[PDB]
Peer 1: 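Sharing a structure, written as structure tokens. Questions coming.
Letters A, B, ... are given to chains in the order of the sequence lines, protein chains preceding strands, and every chain is numbered from 1.
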Amino acid sequence: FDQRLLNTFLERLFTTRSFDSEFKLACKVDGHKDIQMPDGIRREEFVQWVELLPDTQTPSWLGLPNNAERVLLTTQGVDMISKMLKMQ
Amino acid sequence: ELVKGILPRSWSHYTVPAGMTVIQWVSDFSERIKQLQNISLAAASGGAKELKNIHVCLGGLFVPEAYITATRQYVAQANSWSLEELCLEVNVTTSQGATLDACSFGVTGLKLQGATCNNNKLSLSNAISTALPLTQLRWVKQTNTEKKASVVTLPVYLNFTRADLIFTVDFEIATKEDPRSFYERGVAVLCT
């Protein structure tokens with residue numbers, strides 16, 4: 001099933017459609033908007049596009065459900081509480 | 001070990017998630033033994049016929065994958081067919097509204113992850129887990145018709161670690177959901 005998931009990403013991304021002006025790298029990241037295939041043809045334009053990526057990254061960027069990080073984030077926040085209390 | 005709440009190595013026989021306390025294991029072990037008592041109770045009182053008609057918890061079985069092979073072999077013997085000629089059909093229904101036919105076996109404790117099952121049809125969900133009331137496994141002769149372009153093959157693991165693969169299940173997706181989205185969201189079934 002990991003092989004099937006890897007094949008799904010490869011067939012979704014490596015296609016002639018990737019050279020289209022409306023290609024979607026990710027779909028419905030927050031229910032409404034989607035990540036757009038940059039229209040540039042030079043490396044500099046692609047690098048700029050990465051720099052303008054919003055900091056609001058969610059697991060839906062990866063095709064995962066948005067709640068997959070909820071348990072991980074809560075545990076990390078409690079750990080950050082613990083680390084402070086360990087150095088007081 | 002017990003004083004440090006460490007599961008003794010002499011007790012760990014069946015497959016267990018690495019992170020399990022002796023307390024959790026004792027509760028899990030008690031549930032497994034209770035189920036084994038009922039299985040032996042039916043076997044002694046009734047014989048093999050009761051063993052076929054009793055619902056089983058795949059989590060409580062020490063080797064759940066062997067039960068699937070046993071049910072596969074049982075149907076093959078009753079119909080004089082080969083194992084490789086039998087494909088597994090899954091029907092999810094309420095325990096009260098369930099009827100077990102010759103090839104049907106009842107399984108309880110199966111939990112769907114990231115999806116809900118409604119009228120034997122899968123839909124993407126924002127809930128972490130969904131408890132399947134009663135899963136019926138049917139072994140029928142293979143028709144080598146491939147898939148209906150709306151069927152996903154969900155892995156069934158033993159526990160949340162997804163380390164041991166028990167078997168696979170074919171489900172029909174609902175509406176116009178993309179089967180690829182099911183693969184990307186990690187939708188699977190857990191035995192416990």
Side-chain angles (χ1 to χ4, degrees), chain A residues 1-87, chain B residues 18-19 112-116 122-130 146-155 157 160-163 165 168 171-190:
Chain A
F1 304 93
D2 288 338
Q3 185 66 49
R4 166 179 79 179
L5 176 59
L6 188 81
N7 296 351
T8 314
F9 283 128
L10 280 156
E11 277 283 349
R12 220 183 50 77
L13 283 175
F14 303 88
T15 60
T16 296
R17 299 307 188 62
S18 319
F19 282 85
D20 303 0
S21 34
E22 60 90 22
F23 185 64
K24 316 302 199 33
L25 289 174
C27 279
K28 265 66 66 182
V29 288
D30 48 55
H32 311 77
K33 55 153 271 193
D34 44 35
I35 299 178
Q36 267 294 324
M37 206 32 255
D39 282 318
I41 74 83
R42 304 151 41 72
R43 162 199 180 280
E44 280 53 86
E45 313 189 64
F46 292 117
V47 171
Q48 291 183 290
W49 181 93
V50 177
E51 290 277 26
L52 278 101
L53 273 189
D55 185 271
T56 61
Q57 192 212 301
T58 45
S60 49
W61 287 33
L62 321 174
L64 287 169
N66 262 339
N67 51 11
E69 67 173 2
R70 159 161 308 221
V71 162
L72 186 85
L73 280 188
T74 304
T75 302
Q76 280 187 284
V78 172
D79 262 358
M80 170 230 90
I81 284 313
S82 308
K83 299 171 193 308
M84 306 213 198
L85 203 66
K86 226 188 154 307
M87 326 189 330
Chain B
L112 180 51
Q113 308 307 301
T116 86
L122 287 199
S123 308
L124 277 180
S125 164
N126 294 126
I128 299 304
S129 198
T130 279
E146 298 178 57
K147 310 308 165 181
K148 216 200 305 184
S150 65
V151 165
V152 311
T153 299
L154 288 201
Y157 303 99
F160 65 113
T161 65
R162 302 203 187 191
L165 183 74
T168 88
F171 267 114
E172 180 177 300
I173 57 193
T175 73
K176 56 185 59 180
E177 298 185 302
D178 178 1
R180 294 190 299 75
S181 297
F182 277 76
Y183 306 157
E184 279 169 16
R185 287 178 63 134
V187 183
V189 181
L190 303 181

Peer 1: Taking the side chain as every heavy atom from C-beta outward, state whether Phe1(A) and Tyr157(B) have any pair of such atoms under 4.5 Å apart.
Peer 2: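 Counting from C-beta outward, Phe1(A) and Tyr157(B) do come under 4.5 Å.
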
Peer 1: Against the six-membered ring of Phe23(A), is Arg17(A) placed for a cation-pi contact (under 6.0 Å from the centre, within 45° of the normal)?
Peer 2: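 No, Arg17(A) does not sit over the ring of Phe23(A).
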
Peer 1: Crowded around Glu44(A) CD? As in, over 12 foreign heavy atoms under 6.0 Å?
Peer 2: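 Yes - once you tally the heavy atoms of other residues, nucleotides and ligands closer than 6.0 Å, there are more than 12.
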
Peer 1: Which atom names give the shortest non-hydrogen contact between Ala174(B) and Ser123(B), and what distance separates them?
Peer 2: CB-OG, 3.4 Å

Peer 1: Answer yes or no: is there a donor N or O on one side and an acceptor on the other, between the side chain of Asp20(A) and the main chain of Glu22(A), under 3.5 Å?
Peer 2: no

Peer 1: If you round to the nearest 0.5 Å, how far is CG of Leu112(B) from CD1 of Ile128(B)?
Peer 2: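 Going from CD1 on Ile128(B) over to CG on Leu112(B), the span is 12.0 Å.
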
Peer 1: Mind listing the closest non-hydrogen atom pair of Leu64(A) and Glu184(B) along with its distance?
Peer 2: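 In this case the closest contact between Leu64(A) and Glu184(B) is CD2-O, 3.3 Å.
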
Peer 1: Can you give me the closest heavy-atom contact between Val187(B) and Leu154(B), atom names plus distance?
Peer 2: O-CD2, 3.4 Å

Peer 1: Can you see which heavy atom on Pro155(B) is nearest to which on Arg4(A), and at what distance?
Peer 2: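 Answer, listing the atom of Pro155(B) first, then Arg4(A): CD-NH2, 3.9 Å.
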
Peer 1: So, do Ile173(B) and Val151(B) sit near enough that their side-chain heavy atoms are less than 4.5 Å apart?
Peer 2: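 Not touching, per the 4.5 Å side-chain cut-off.
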
Peer 1: How many angstroms lie between CD in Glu177(B) and CG in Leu122(B), if you round to the nearest 0.5 Å?
Peer 2: 8.0 Å

Peer 1: Can you tell me how far the CG atom of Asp30(A) sits from the OG1 atom of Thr56(A), to the nearest 0.5 Å?
Peer 2: 7.0 Å

Peer 1: side-chain contact (heavy atoms from CB on, under 4.5 Å) with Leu6(A): which of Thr8(A), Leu10(A), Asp2(A)?
Peer 2: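 With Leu6(A) as partner, side-chain contact (heavy atoms from CB on, under 4.5 Å) holds for just one option, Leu10(A).
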
Peer 1: If you round to the nearest 0.5 Å, how far is CZ of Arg185(B) from OG of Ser60(A)?
Peer 2: 9.0 Å

Peer 1: Could you give the distance from CG (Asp34(A)) to CH2 (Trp61(A)), rounded to the nearest 0.5 Å?
Peer 2: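 Rounded to the nearest 0.5 Å, the CG-CH2 separation comes to 12.0 Å.
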
Peer 1: Can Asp39(A) and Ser21(A) be counted as having a side-chain donor-acceptor contact under 3.5 angstrom?
Peer 2: no

Peer 1: May I ask you to test the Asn126(B)-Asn66(A) pair for a side-chain heavy-atom distance under 4.5 Å?
Peer 2: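 Answer no - side chains too far apart.
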
Peer 1: Using side-chain heavy atoms (C-beta onward) and a distance below 4.5 Å, is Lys24(A) in contact with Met37(A)?
Peer 2: no

Peer 1: Measure the spacing between NZ of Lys147(B) and CD of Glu172(B) and express it to the nearest 0.5 Å.
Peer 2: 12.5 Å

Peer 1: Which atom names give the shortest non-hydrogen contact between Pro54(A) and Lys33(A), and what distance separates them?
Peer 2: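 For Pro54(A) and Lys33(A), the tightest heavy-atom pair comes out as CG-NZ, 4.3 Å.
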
Peer 1: Where is the tightest heavy-atom contact between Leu25(A) and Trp49(A), given as atom of each residue plus distance?
Peer 2: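 For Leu25(A) versus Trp49(A), the nearest heavy atoms are CD1-CH2, 3.9 Å.
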
Peer 1: Under the side chain to side chain contact (heavy atoms under 4.5 Å, CB included) rule, what do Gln113(B) and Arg162(B) come out as? Steps first, then yes or no, please.
Peer 2: CA-CA 11 Å; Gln113(B) 308 307 301; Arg162(B) 302 203 187 191; 4.1 Å; yes

Peer 1: When you compare the side chains of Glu11(A) and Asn7(A), does any donor N or O come within less than 3.5 Å of an acceptor on the partner?
Peer 2: no

